[PDB]
Amino acid sequence: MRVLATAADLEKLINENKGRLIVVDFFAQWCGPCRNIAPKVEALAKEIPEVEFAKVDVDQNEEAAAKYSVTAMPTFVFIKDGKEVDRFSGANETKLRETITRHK
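Sequence positions in the sequence shown follow our numbering and run -9 to 94.
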């Protein structure tokens, strides 16, 4: 669960994990669905060590949220070989698992 403080931090994690899927959880502290799904994402991170999981607090790292056109909280963006390969929004556990399966 890498916390990404800047868009540059995101560019770096990407460089250091080229063929590996990265799952970025864009969230807000004040978002109830974000806080609700948070432990699920943490559990998945442990269940699937072959995938890199990161989090962006959209109020703190406004640059990354803007660069990814993130408006809905949570938004999960999936990145592999420096390209965005999928995204969806919502505290939707089944969709999170399916999307991770699809792209790992």
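From the three backbone atoms N, C-alpha and C, an ideal C-beta is built for every residue, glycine too.
Same chain, Cβ closer than 8 Å to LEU3, five either side skipped, listed in chain order:
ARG(-8), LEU(-6), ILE12, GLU42 and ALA44
Which residues bound the beta strand (DSSP E) around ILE38?
Segment: none, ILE38 is in no beta strand (DSSP E) and carries neither H nor E.
Determine the closest residue to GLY9 out of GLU1, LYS70 and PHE78, with distance taken between C-alpha atoms.
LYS70
Answer yes or no: do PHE17 and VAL48 have a C-beta to C-beta separation smaller than 8 Å?
yes
Check for me: the alpha helix (DSSP H) holding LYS85 runs from which residue to which?
83 to 93
Would you list the one or two residues that DSSP bridges to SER79?
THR65
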